[PDB]
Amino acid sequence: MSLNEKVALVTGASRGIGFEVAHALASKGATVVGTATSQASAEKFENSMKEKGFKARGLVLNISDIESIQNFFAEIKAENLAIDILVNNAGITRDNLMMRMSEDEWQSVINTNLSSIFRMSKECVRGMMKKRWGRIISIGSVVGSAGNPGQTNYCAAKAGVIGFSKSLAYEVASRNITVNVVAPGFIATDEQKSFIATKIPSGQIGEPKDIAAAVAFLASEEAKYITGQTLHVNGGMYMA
């Protein structure tokens, strides 16, 4: 129970990676706050977690909308929930060839996938600093490092997340706060699947639990000397 008395926030925790990350953290004793864009999903998350024997709280949050972010934190404040572990999982793609890409597609992805890390980390870091302990872990993507056509905006955001994290890691280190990125390759969440996995050494697409286990490792007290790092979980498709 490494994480007894820690409170963890996992954005977009409804399904896939987010949920598994929420499951993995609760499994180590953490209290988990998960977010979804709708109330119904926030309830589905909450009941499903509490159903598996966990103390969880489902809350509404759209990380792309500063008003939502602002309301969100007023609520955890009202519910006396201090965040010790932040997992930036939520995000979106707006794929297009750069030449046809509109301002909305570019700006939406930068705003949702990059600025959101700044905005969420900004609202959690003072708490962790006072308590002299914290974890910030962001879900990146292999494409932030390898690049990918049709995704100039997504790759830019994802690379920026790493840059942000390396920089913040310097700022918060003296307070026992680590800041890291977990970069997934192809993860289950159409075959196509066969061809995709031929570009992957292991010959298979990963699963949400692959990402959750890495996030949970980085969030544990035993990864305290790991900061500013990018941990690629991708079956060898990209090796740094």
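Throughout, we count residues from 1 along the sequence that is shown.
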For the neighbouring pair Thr189 and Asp190, the stretch of deposited sequence with no coordinates amounts to 4 to 9
Higher mean Cα B-factor in the deposited model: 57-65 or 174-182?
-> 57-65
Using the B-factors recorded in the PDB entry, average over the C-alpha atoms of 69-77 and of 107-115, then report which stretch comes out higher.
-> 69-77
Report the option among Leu97, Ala169, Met128, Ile136 whose CA atom has the maximum B-factor in the deposited record.
-> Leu97
Out of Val32, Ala212, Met49, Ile200, which one has a C-alpha B factor higher than all the others in the entry?
-> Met49
Tell me, lowest, middle or highest third: where does the Cα B factor of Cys124 rank within its chain?
-> highest
Chain-wide C-alpha B factor ranking for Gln229, given as lowest, middle or highest third | lowest
Lowest, middle or highest third: where is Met1 by C-alpha B factor in its chain?
-> highest
For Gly140, does the deposited CA B-factor place it in the lowest, middle or highest third of the chain?
-> lowest
Going by the recorded CA B-factors, say which third of the chain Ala157 sits in, lowest, middle or highest.
-> lowest
